[PDB]
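Student: I'm passing along upload38.cif; it holds mmCIF, C-alpha atoms and all ligand atoms.
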```
data_my_file
#
loop_
_atom_site.label_atom_id
_atom_site.label_comp_id
_atom_site.auth_asym_id
_atom_site.auth_seq_id
_atom_site.Cartn_x
_atom_site.Cartn_y
_atom_site.Cartn_z
CA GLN N 1064 -1.61 28.85 11.90
CA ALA N 1065 0.48 26.82 9.42
CA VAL N 1066 -2.15 24.03 9.28
CA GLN N 1067 -4.69 26.32 7.53
CA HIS N 1068 -3.75 24.93 4.09
CA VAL N 1069 -4.52 21.38 5.34
CA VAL N 1070 -7.79 22.14 7.16
CA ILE N 1071 -11.05 21.88 5.18
CA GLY N 1072 -13.72 24.56 5.67
CA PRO N 1073 -17.15 24.71 7.38
CA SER N 1074 -19.60 23.86 4.56
CA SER N 1075 -16.97 22.84 1.99
CA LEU N 1076 -17.14 19.09 2.70
CA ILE N 1077 -20.27 16.98 2.30
CA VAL N 1078 -19.94 13.48 3.79
CA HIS N 1079 -22.39 10.60 3.24
CA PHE N 1080 -22.33 8.65 6.52
CA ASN N 1081 -25.16 6.37 5.34
CA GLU N 1082 -23.08 4.95 2.44
CA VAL N 1083 -19.96 3.19 3.83
CA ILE N 1084 -16.97 2.00 1.73
CA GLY N 1085 -14.15 1.05 4.15
CA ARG N 1086 -13.71 -0.49 7.60
CA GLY N 1087 -10.35 0.22 9.25
CA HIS N 1088 -9.54 -0.54 12.89
CA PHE N 1089 -9.07 3.20 13.63
CA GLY N 1090 -12.28 4.22 11.80
CA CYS N 1091 -14.74 3.67 8.96
CA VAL N 1092 -14.57 5.22 5.48
CA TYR N 1093 -17.45 6.97 3.67
CA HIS N 1094 -18.23 8.75 0.41
CA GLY N 1095 -17.95 12.54 0.25
CA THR N 1096 -17.84 15.55 -2.08
CA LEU N 1097 -15.39 18.45 -1.69
CA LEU N 1098 -15.88 21.89 -3.28
CA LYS N 1104 -16.48 19.30 -7.25
CA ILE N 1105 -14.17 16.50 -6.05
CA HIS N 1106 -15.36 12.97 -5.20
CA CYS N 1107 -13.82 11.95 -1.87
CA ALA N 1108 -13.32 9.09 0.52
CA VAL N 1109 -13.70 10.27 4.12
CA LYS N 1110 -12.34 8.40 7.17
CA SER N 1111 -13.66 9.32 10.63
CA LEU N 1112 -11.02 8.90 13.36
CA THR N 1116 -9.95 12.36 21.84
CA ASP N 1117 -7.92 15.07 23.64
CA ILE N 1118 -5.94 18.19 22.65
CA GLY N 1119 -2.52 16.46 22.61
CA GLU N 1120 -3.76 13.71 20.27
CA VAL N 1121 -5.46 16.24 17.97
CA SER N 1122 -2.30 18.39 17.80
CA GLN N 1123 -0.22 15.32 16.86
CA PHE N 1124 -2.85 14.52 14.20
CA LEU N 1125 -2.62 18.08 12.81
CA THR N 1126 1.20 18.10 12.78
CA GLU N 1127 1.54 14.89 10.77
CA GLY N 1128 -1.24 16.13 8.48
CA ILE N 1129 0.96 19.13 7.61
CA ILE N 1130 3.92 16.81 7.08
CA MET N 1131 1.91 14.43 4.86
CA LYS N 1132 0.12 17.20 2.91
CA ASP N 1133 3.33 18.00 1.01
CA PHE N 1134 3.65 14.47 -0.41
CA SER N 1135 2.73 15.02 -4.07
CA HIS N 1136 3.20 12.45 -6.88
CA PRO N 1137 0.93 10.82 -9.56
CA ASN N 1138 1.64 7.34 -8.11
CA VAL N 1139 1.08 8.29 -4.49
CA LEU N 1140 -2.41 8.88 -3.07
CA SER N 1141 -2.73 12.47 -1.83
CA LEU N 1142 -4.30 13.91 1.33
CA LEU N 1143 -6.93 16.46 0.26
CA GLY N 1144 -7.26 17.79 3.81
CA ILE N 1145 -8.67 17.30 7.30
CA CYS N 1146 -11.97 18.35 8.87
CA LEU N 1147 -11.82 18.43 12.66
CA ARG N 1148 -15.19 19.08 14.29
CA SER N 1149 -15.83 20.36 17.81
CA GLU N 1150 -18.72 17.92 18.37
CA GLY N 1151 -17.32 14.80 16.63
CA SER N 1152 -14.13 12.95 15.68
CA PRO N 1153 -11.63 14.20 13.03
CA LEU N 1154 -12.27 13.39 9.34
CA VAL N 1155 -9.45 12.53 6.91
CA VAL N 1156 -10.39 13.45 3.31
CA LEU N 1157 -8.83 11.62 0.32
CA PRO N 1158 -9.55 11.50 -3.42
CA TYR N 1159 -11.98 8.73 -4.37
CA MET N 1160 -10.23 5.95 -6.29
CA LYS N 1161 -12.82 4.68 -8.80
CA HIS N 1162 -11.39 1.17 -9.21
CA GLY N 1163 -10.55 0.48 -5.54
CA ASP N 1164 -7.47 -1.43 -4.41
CA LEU N 1165 -5.11 -3.19 -6.82
CA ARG N 1166 -5.57 -6.69 -5.38
CA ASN N 1167 -9.35 -6.75 -5.63
CA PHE N 1168 -9.17 -5.25 -9.14
CA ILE N 1169 -6.86 -7.96 -10.51
CA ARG N 1170 -9.07 -10.52 -8.73
CA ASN N 1171 -12.23 -8.93 -10.16
CA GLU N 1172 -13.32 -11.34 -12.90
CA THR N 1173 -15.41 -8.69 -14.71
CA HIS N 1174 -12.04 -7.03 -15.46
CA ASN N 1175 -9.26 -8.60 -17.51
CA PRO N 1176 -5.88 -6.86 -17.55
CA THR N 1177 -3.15 -8.26 -19.80
CA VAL N 1178 0.25 -9.42 -18.56
CA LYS N 1179 1.54 -6.14 -20.02
CA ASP N 1180 -1.06 -4.17 -18.00
CA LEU N 1181 -0.10 -6.07 -14.84
CA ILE N 1182 3.60 -5.22 -15.42
CA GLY N 1183 2.64 -1.56 -15.96
CA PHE N 1184 0.89 -1.58 -12.58
CA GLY N 1185 4.14 -2.78 -10.94
CA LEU N 1186 6.12 -0.10 -12.77
CA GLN N 1187 3.77 2.59 -11.43
CA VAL N 1188 4.10 1.30 -7.82
CA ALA N 1189 7.91 1.48 -8.22
CA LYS N 1190 7.60 5.13 -9.34
CA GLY N 1191 5.35 5.97 -6.39
CA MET N 1192 7.78 4.16 -4.08
CA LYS N 1193 10.78 5.81 -5.78
CA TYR N 1194 9.20 9.14 -4.77
CA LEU N 1195 8.52 8.07 -1.16
CA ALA N 1196 12.07 6.78 -0.77
CA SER N 1197 13.55 10.10 -1.95
CA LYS N 1198 11.67 11.86 0.88
CA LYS N 1199 13.16 9.30 3.36
CA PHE N 1200 9.65 7.85 3.81
CA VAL N 1201 9.30 4.14 4.70
CA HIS N 1202 5.82 2.74 3.92
CA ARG N 1203 6.04 -0.31 6.26
CA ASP N 1204 3.05 -2.05 4.58
CA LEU N 1205 3.46 -2.03 0.82
CA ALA N 1206 1.02 -4.54 -0.70
CA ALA N 1207 -1.44 -4.83 -3.59
CA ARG N 1208 -4.34 -4.24 -1.13
CA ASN N 1209 -2.79 -0.83 -0.24
CA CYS N 1210 -2.32 0.39 -3.82
CA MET N 1211 -5.34 2.09 -5.38
CA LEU N 1212 -6.60 2.72 -8.94
CA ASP N 1213 -8.25 5.86 -10.32
CA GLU N 1214 -10.52 6.21 -13.41
CA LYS N 1215 -7.47 6.22 -15.74
CA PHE N 1216 -6.00 3.09 -14.07
CA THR N 1217 -3.24 5.22 -12.54
CA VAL N 1218 -1.88 3.28 -9.56
CA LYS N 1219 -1.58 5.27 -6.32
CA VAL N 1220 0.49 4.00 -3.38
CA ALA N 1221 -1.64 4.42 -0.27
CA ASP N 1222 -2.35 3.43 3.35
CA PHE N 1223 0.42 5.42 4.98
CA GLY N 1224 0.29 8.43 7.31
CA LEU N 1225 -3.06 9.71 8.60
CA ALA N 1226 -5.19 7.09 6.82
CA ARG N 1227 -2.80 4.29 7.87
CA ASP N 1228 -4.84 1.29 9.01
CA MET N 1229 -5.47 -2.43 8.56
CA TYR N 1230 -8.55 -2.73 6.35
CA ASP N 1231 -8.19 -6.33 5.20
CA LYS N 1232 -7.48 -7.72 8.68
CA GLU N 1233 -7.04 -11.33 7.46
CA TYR N 1234 -3.44 -10.70 6.35
CA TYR N 1235 -2.28 -9.14 9.64
CA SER N 1236 -1.04 -11.31 12.51
CA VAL N 1237 0.09 -10.45 16.03
CA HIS N 1238 3.65 -10.90 17.27
CA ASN N 1239 2.90 -12.12 20.80
CA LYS N 1240 5.47 -10.08 22.77
CA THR N 1241 5.19 -6.62 21.19
CA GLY N 1242 1.41 -6.85 20.67
CA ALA N 1243 1.31 -5.39 17.15
CA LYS N 1244 -0.53 -6.85 14.14
CA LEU N 1245 1.90 -7.14 11.24
CA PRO N 1246 1.70 -8.25 7.58
CA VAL N 1247 4.33 -10.98 8.04
CA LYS N 1248 4.02 -12.48 4.53
CA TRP N 1249 4.94 -9.12 2.94
CA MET N 1250 7.81 -8.49 5.41
CA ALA N 1251 11.55 -8.64 4.89
CA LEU N 1252 13.47 -11.22 6.86
CA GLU N 1253 15.29 -8.70 9.08
CA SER N 1254 11.95 -6.98 9.73
CA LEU N 1255 10.49 -10.25 11.05
CA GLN N 1256 13.52 -10.63 13.33
CA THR N 1257 14.28 -7.08 14.51
CA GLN N 1258 10.81 -5.54 13.95
CA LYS N 1259 12.55 -2.62 12.20
CA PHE N 1260 11.66 -1.31 8.73
CA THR N 1261 13.76 0.45 6.08
CA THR N 1262 13.39 1.40 2.43
CA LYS N 1263 15.27 -1.82 1.63
CA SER N 1264 12.53 -3.72 3.51
CA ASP N 1265 9.93 -1.89 1.35
CA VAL N 1266 11.86 -3.26 -1.66
CA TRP N 1267 11.22 -6.76 -0.26
CA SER N 1268 7.51 -5.99 -0.02
CA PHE N 1269 7.62 -4.66 -3.58
CA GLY N 1270 8.92 -8.06 -4.80
CA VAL N 1271 5.96 -9.73 -3.10
CA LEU N 1272 3.58 -7.17 -4.65
CA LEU N 1273 4.97 -8.06 -8.11
CA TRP N 1274 4.27 -11.73 -7.34
CA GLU N 1275 0.70 -10.70 -6.44
CA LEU N 1276 0.33 -8.90 -9.78
CA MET N 1277 1.68 -11.74 -11.90
CA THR N 1278 -0.50 -14.36 -10.12
CA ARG N 1279 -3.55 -12.04 -10.31
CA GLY N 1280 -4.08 -11.55 -6.56
CA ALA N 1281 -3.20 -15.01 -5.24
CA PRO N 1282 -2.26 -14.96 -1.55
CA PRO N 1283 1.46 -15.44 -0.80
CA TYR N 1284 2.60 -18.65 0.99
CA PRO N 1285 -0.85 -20.15 1.46
CA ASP N 1286 0.61 -23.42 2.81
CA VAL N 1287 2.98 -21.76 5.32
CA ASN N 1288 1.50 -20.70 8.66
CA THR N 1289 1.98 -17.10 9.88
CA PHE N 1290 4.37 -18.31 12.64
CA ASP N 1291 6.54 -20.36 10.22
CA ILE N 1292 7.43 -17.73 7.62
CA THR N 1293 10.66 -16.63 9.38
CA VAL N 1294 12.07 -20.17 9.42
CA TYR N 1295 10.80 -20.64 5.86
CA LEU N 1296 12.77 -17.63 4.60
CA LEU N 1297 15.83 -18.45 6.77
CA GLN N 1298 15.95 -21.80 4.94
CA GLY N 1299 16.45 -20.00 1.60
CA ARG N 1300 12.91 -20.63 0.39
CA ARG N 1301 11.17 -18.05 -1.82
CA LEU N 1302 7.95 -17.61 -3.76
CA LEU N 1303 7.78 -19.56 -7.04
CA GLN N 1304 7.83 -17.86 -10.41
CA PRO N 1305 4.23 -17.42 -11.54
CA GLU N 1306 3.27 -19.16 -14.79
CA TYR N 1307 2.91 -15.94 -16.83
CA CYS N 1308 5.73 -14.00 -15.18
CA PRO N 1309 8.63 -13.22 -17.54
CA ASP N 1310 12.01 -14.61 -16.42
CA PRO N 1311 13.77 -11.20 -16.25
CA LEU N 1312 10.96 -10.01 -13.97
CA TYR N 1313 11.42 -13.05 -11.67
CA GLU N 1314 15.13 -12.25 -11.56
CA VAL N 1315 13.96 -8.79 -10.37
CA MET N 1316 11.76 -10.25 -7.60
CA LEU N 1317 14.61 -12.53 -6.43
CA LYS N 1318 16.95 -9.50 -6.15
CA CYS N 1319 14.23 -7.90 -3.95
CA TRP N 1320 14.32 -10.89 -1.61
CA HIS N 1321 18.11 -10.98 -1.24
CA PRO N 1322 19.01 -12.12 2.30
CA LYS N 1323 21.20 -8.99 2.67
CA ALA N 1324 19.12 -5.76 2.54
CA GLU N 1325 22.19 -3.86 1.33
CA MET N 1326 22.25 -5.91 -1.90
CA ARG N 1327 18.59 -5.29 -2.82
CA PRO N 1328 17.92 -2.91 -5.73
CA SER N 1329 16.76 0.64 -5.13
CA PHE N 1330 13.34 1.81 -6.29
CA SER N 1331 15.20 3.97 -8.83
CA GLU N 1332 16.97 0.90 -10.24
CA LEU N 1333 13.66 -1.01 -10.23
CA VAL N 1334 11.86 1.71 -12.22
CA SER N 1335 14.67 1.49 -14.75
CA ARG N 1336 14.63 -2.32 -15.02
CA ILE N 1337 10.86 -2.88 -15.06
CA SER N 1338 10.46 -0.06 -17.61
CA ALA N 1339 12.93 -1.97 -19.81
CA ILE N 1340 11.00 -5.22 -19.32
CA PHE N 1341 7.71 -3.40 -19.95
CA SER N 1342 9.02 -1.89 -23.21
CA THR N 1343 10.14 -5.25 -24.69
CA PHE N 1344 7.09 -7.27 -23.60
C1 LIG T 1 -8.97 4.88 3.25
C2 LIG T 1 -9.53 4.13 2.03
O1 LIG T 1 -9.56 4.98 0.87
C3 LIG T 1 -10.24 4.75 -0.31
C4 LIG T 1 -10.01 5.60 -1.39
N1 LIG T 1 -9.10 6.67 -1.28
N2 LIG T 1 -10.68 5.41 -2.61
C5 LIG T 1 -11.58 4.37 -2.77
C6 LIG T 1 -11.80 3.54 -1.70
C7 LIG T 1 -12.60 2.44 -1.53
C8 LIG T 1 -13.49 1.73 -2.50
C9 LIG T 1 -14.43 0.79 -2.17
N3 LIG T 1 -15.03 0.36 -3.29
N4 LIG T 1 -14.53 0.96 -4.28
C10 LIG T 1 -14.94 0.75 -5.68
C11 LIG T 1 -14.28 -0.52 -6.26
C12 LIG T 1 -14.80 -0.83 -7.68
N5 LIG T 1 -16.27 -0.92 -7.70
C13 LIG T 1 -16.94 0.29 -7.21
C14 LIG T 1 -16.48 0.60 -5.78
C15 LIG T 1 -13.56 1.82 -3.87
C16 LIG T 1 -12.36 2.11 -0.21
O2 LIG T 1 -11.52 2.85 0.30
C17 LIG T 1 -11.16 3.71 -0.50
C18 LIG T 1 -8.66 2.89 1.79
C19 LIG T 1 -9.11 1.63 2.16
CL1 LIG T 1 -10.65 1.41 2.88
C20 LIG T 1 -8.31 0.51 1.95
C21 LIG T 1 -7.05 0.65 1.38
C22 LIG T 1 -6.59 1.91 1.02
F1 LIG T 1 -5.39 2.07 0.48
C23 LIG T 1 -7.39 3.02 1.22
CL2 LIG T 1 -6.77 4.55 0.74
#
```
Transcribe the structure of this file into structure tokens.
Ligand SMILES: C[C@@H](Oc1c(N)ncc2c(-c3cnn(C4CCNCC4)c3)coc12)c1c(Cl)ccc(F)c1Cl
Tutor:
Amino acid sequence: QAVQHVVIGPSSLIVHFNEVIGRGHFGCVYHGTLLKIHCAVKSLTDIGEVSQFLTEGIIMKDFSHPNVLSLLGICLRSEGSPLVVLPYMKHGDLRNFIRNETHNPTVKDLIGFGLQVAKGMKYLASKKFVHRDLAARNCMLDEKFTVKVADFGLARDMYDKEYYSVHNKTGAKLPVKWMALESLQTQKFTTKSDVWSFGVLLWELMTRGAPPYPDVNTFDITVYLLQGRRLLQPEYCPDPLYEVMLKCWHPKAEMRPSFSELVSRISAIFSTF
């Protein structure tokens, strides 16, 4: 009854299953058109699982912000598996874009990307939402180069499966090199642990998509961080911005900035650059 505003109609969605764009563990992503909106469509067994899927769809549908990727709707089909419909992001993920050599953002542009992610995250935080996997690969770019925080809720997956590693006991693939210390220990995530991930994302931006800790093995990162060791300041990263990243990696989660504070500080840095 209350899901009607989330559910997409009978002949209102056209999906192109021949042309694929994404490969998540929980499903593949295709091109689509929604009546005219260009979409990305992810295809995802029983009534209890469907109902859960609907319920969280209603919850996620009311997340609205220019720096957060929106859910356009859902299209459950009696014959097939449910389809999650999202707006098509012309310039793909933020990591591949800043690695794409045919493009050439400035340092200023790269700082403006980080400012936008902080705004998107500032919004998510205010709704008590914890992302759990904030990273350049999960932030998308539209035709205007507006950055949209993404890969949370219904379309939550691991698409680039290279940067996810299994903790043996729990049996869950985690992005350890984007994870706060206390999250590696306790396996528990908070908005303050998103702030950690945001510091890493900034490092990604300033290095133009370089992988974090290439010389530290996935099973050594906890010890590495325990020892006080942190990512180096990138060559073209301004000092005040490195000071910001270091505050994000504070051993105590309590002492890390908020996303509100970060929007304020990066916007100051952006304005003087
Ligand atoms: C679920 C899926 O959503 C997408 C959304 N919402 N928008 C665009 C894409 C593309 C994609 C794949 N290629 N391109 C462009 C990149 C620039 N050259 C033309 C093609 C875009 C792949 O996936 C897209 C996705 C994927 Cl696969 C990975 C990370 C994400 F955050 C999201 Cl949100």
Student: Which of these, N:1282, N:1158, N:1305, N:1085, has the shortest distance to residue N:1142 once you count only C-alpha atoms?
Tutor: N:1158
Student: So, with only C-alpha atoms and all ligand atoms as the atoms that count, which of N:1327, N:1088, N:1166, N:1208 lies closest to ligand LIG 1 (chain T)?
Tutor: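 Smallest distance to ligand LIG 1 (chain T) is found for N:1208.
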Student: Once you count only C-alpha atoms and all ligand atoms, what closest atom pair and distance in Å to one decimal does each residue of chain N within 6 Å of ligand LIG 1 (chain T) have, with rows by chain and rising residue number, as JSON lines?
Tutor:
```
{"residue": "N:1084", "atom": "CA", "partner": "T:LIG1", "partner_atom": "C9", "distance": 4.8}
{"residue": "N:1085", "atom": "CA", "partner": "T:LIG1", "partner_atom": "CL1", "distance": 3.7}
{"residue": "N:1086", "atom": "CA", "partner": "T:LIG1", "partner_atom": "CL1", "distance": 5.9}
{"residue": "N:1108", "atom": "CA", "partner": "T:LIG1", "partner_atom": "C4", "distance": 5.2}
{"residue": "N:1157", "atom": "CA", "partner": "T:LIG1", "partner_atom": "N1", "distance": 5.2}
{"residue": "N:1158", "atom": "CA", "partner": "T:LIG1", "partner_atom": "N1", "distance": 5.3}
{"residue": "N:1159", "atom": "CA", "partner": "T:LIG1", "partner_atom": "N2", "distance": 4.0}
{"residue": "N:1160", "atom": "CA", "partner": "T:LIG1", "partner_atom": "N2", "distance": 3.7}
{"residue": "N:1161", "atom": "CA", "partner": "T:LIG1", "partner_atom": "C10", "distance": 5.4}
{"residue": "N:1162", "atom": "CA", "partner": "T:LIG1", "partner_atom": "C12", "distance": 4.2}
{"residue": "N:1163", "atom": "CA", "partner": "T:LIG1", "partner_atom": "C15", "distance": 3.7}
{"residue": "N:1209", "atom": "CA", "partner": "T:LIG1", "partner_atom": "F1", "distance": 4.0}
{"residue": "N:1210", "atom": "CA", "partner": "T:LIG1", "partner_atom": "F1", "distance": 5.5}
{"residue": "N:1211", "atom": "CA", "partner": "T:LIG1", "partner_atom": "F1", "distance": 5.9}
{"residue": "N:1221", "atom": "CA", "partner": "T:LIG1", "partner_atom": "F1", "distance": 4.5}
{"residue": "N:1222", "atom": "CA", "partner": "T:LIG1", "partner_atom": "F1", "distance": 4.4}
{"residue": "N:1226", "atom": "CA", "partner": "T:LIG1", "partner_atom": "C1", "distance": 5.6}
{"residue": "N:1230", "atom": "CA", "partner": "T:LIG1", "partner_atom": "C20", "distance": 5.5}
```
Student: Residues as selected, C-alpha atoms, written as a PDB file, in the coordinates of the input, can you do that?
Tutor:
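Produced file again35.pdb, reproduced below:
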```
ATOM      1  CA  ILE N1084     -16.970   2.000   1.730  1.00  0.00           C
ATOM      2  CA  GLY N1085     -14.150   1.050   4.150  1.00  0.00           C
ATOM      3  CA  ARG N1086     -13.710  -0.490   7.600  1.00  0.00           C
ATOM      4  CA  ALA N1108     -13.320   9.090   0.520  1.00  0.00           C
ATOM      5  CA  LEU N1157      -8.830  11.620   0.320  1.00  0.00           C
ATOM      6  CA  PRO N1158      -9.550  11.500  -3.420  1.00  0.00           C
ATOM      7  CA  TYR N1159     -11.980   8.730  -4.370  1.00  0.00           C
ATOM      8  CA  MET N1160     -10.230   5.950  -6.290  1.00  0.00           C
ATOM      9  CA  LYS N1161     -12.820   4.680  -8.800  1.00  0.00           C
ATOM     10  CA  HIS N1162     -11.390   1.170  -9.210  1.00  0.00           C
ATOM     11  CA  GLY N1163     -10.550   0.480  -5.540  1.00  0.00           C
ATOM     12  CA  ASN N1209      -2.790  -0.830  -0.240  1.00  0.00           C
ATOM     13  CA  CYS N1210      -2.320   0.390  -3.820  1.00  0.00           C
ATOM     14  CA  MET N1211      -5.340   2.090  -5.380  1.00  0.00           C
ATOM     15  CA  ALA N1221      -1.640   4.420  -0.270  1.00  0.00           C
ATOM     16  CA  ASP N1222      -2.350   3.430   3.350  1.00  0.00           C
ATOM     17  CA  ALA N1226      -5.190   7.090   6.820  1.00  0.00           C
ATOM     18  CA  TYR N1230      -8.550  -2.730   6.350  1.00  0.00           C
TER      19      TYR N1230
END
```
Student: One number please: atom CA of residue N:1097 to atom CA of residue N:1076, in Å, one decimal.
Tutor: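 Result for atom CA of residue N:1097 versus atom CA of residue N:1076: 4.8 Å, one decimal.
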Student: Can you work out which one of N:1184, N:1290, N:1194, N:1080 has the shortest atom-to-atom distance to residue N:1139, counting only C-alpha atoms?
Tutor: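 Looking at the shortest contact to residue N:1139, the residue is N:1194.
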Student: Please identify all polymer residues within 12 Å of residue N:1127, counting all atoms listed in the file, omitting same-chain residues fewer than 3 positions from it, and present them as a ChimeraX atom specification.
Tutor: /N:1066,1069,1120-1124,1130-1134,1142,1144-1145,1155,1223-1227
Student: Could you tell me how far atom CA of residue N:1293 lies from atom CA of residue N:1314, in Å and to one decimal?
Tutor: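 It comes out at 21.9 Å.
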Student: Kindly indicate which residue among N:1272, N:1107, N:1324, N:1154 lies nearest to residue N:1189, using all atoms listed in the file for the distances.
Tutor: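 That would be N:1272, the residue with the smallest distance to residue N:1189.
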Student: For residue N:1146, which of N:1091, N:1078, N:1287, N:1247 is the closest residue, counting all atoms listed in the file?
Tutor: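 The shortest atom-to-atom distance to residue N:1146 comes from N:1078.
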Student: Excluding stretch 1248-1255 of chain N and any residue of its chain fewer than 6 positions from it, enumerate the residues within 8 Å of it, using only C-alpha atoms, and give them as a count of residues only.
Tutor: 19
Student: Quick one, how far is atom CA of residue N:1168 from atom CA of residue N:1186?
Tutor: 16.5 Å
Student: So, counting only C-alpha atoms, which residue among N:1067, N:1075, N:1191, N:1279 is closest to residue N:1174?
Tutor: N:1279
Student: Hey, what's within 10 Å of residue N:1185 if we count all atoms listed in the file and toss same-chain stuff fewer than 3 positions away? As a ChimeraX atom specification, please?
Tutor: /N:1180-1182,1188-1191,1207,1218,1269-1270,1272-1277,1333-1334,1337-1338,1341
Student: Which polymer residues have any atom within 12 Å of an atom of residue N:1149, counting only C-alpha atoms, with same-chain residues fewer than 6 positions away left out, as number ranges by chain?
Tutor: N: 1073, 1116-1118, 1121
Student: Around the point (14.2, -8.1, -13.7), in the coordinates given by the file, pick out the residues reaching within 8 Å, counting only C-alpha atoms, and return them as a PyMOL selection string.
Tutor: chain N and resi 1310-1316+1333+1336-1337+1340
